[PDB]
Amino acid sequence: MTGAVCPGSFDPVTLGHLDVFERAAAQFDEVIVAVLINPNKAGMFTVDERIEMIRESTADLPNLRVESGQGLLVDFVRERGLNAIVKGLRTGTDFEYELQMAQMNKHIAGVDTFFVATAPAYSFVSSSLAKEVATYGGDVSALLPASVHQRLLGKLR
């Protein structure tokens, strides 16, 4: 009954995210993708859109499920009877901030954070840079799942 939570805003999910989801699902009995929402700032995609895009690109992972939440990540994790977070690393990750949050999260709730580096091919995509590049016409089709790419272009138009 091992398990981990993969957290993020996933606005939208990228192939970097999906790589890490797949690794987590391969190494833990269950994985929950936590789509964390700031109720004060809307992103590009609604919560239901974000969840749909993740589900469509994770259909081959039988032990992965997707749920939204807000507030403290460690509460989302513990209320599901888990105490592990799996977080991806990419080029441009603020690792010092991630470390700070990992030590705080262990301190307040006993939850462990495991970091895994995304595959090199997917190491320079981020939701924010993908959106920025696509806004001005750049081709990010190879860095996003099919469940995302044309929906992104749709939002931008």
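Numbering starts at 1 and runs along the sequence shown. What we label the rigid core is the largest C-alpha set whose atoms superpose within 1.5 Å from one form to the other.
Taking the rigid core as the alignment reference, the C-alpha atoms of 85 to 93 lie farther on average from the displayed form in 9 other deposited structures of this protein than those of the other stretch among 128 to 136 and 85 to 93. Of 145 to 153 and 18 to 26, the stretch whose C-alpha atoms sit farther from the shown form in 9 other deposited structures of this protein, after fitting on the rigid core, is 145 to 153. Residue 40, present in the displayed chain, goes without coordinates in a third or more of the other PDB entries compared that cover both sides of it.
Legend: mean Cα B-factor per stretch from the PDB entry, 15 to 23 versus 143 to 151; the higher mean is in 143 to 151. Mean C-alpha B-factor is higher over 33 to 41 than over the other stretch, the pair under comparison being 114 to 122 and 33 to 41. Sort the modelled residues of the chain by CA B factor and residue 58 lands in the highest third. In the PDB entry, residue 4 places in the middle third of its chain by CA B-factor.
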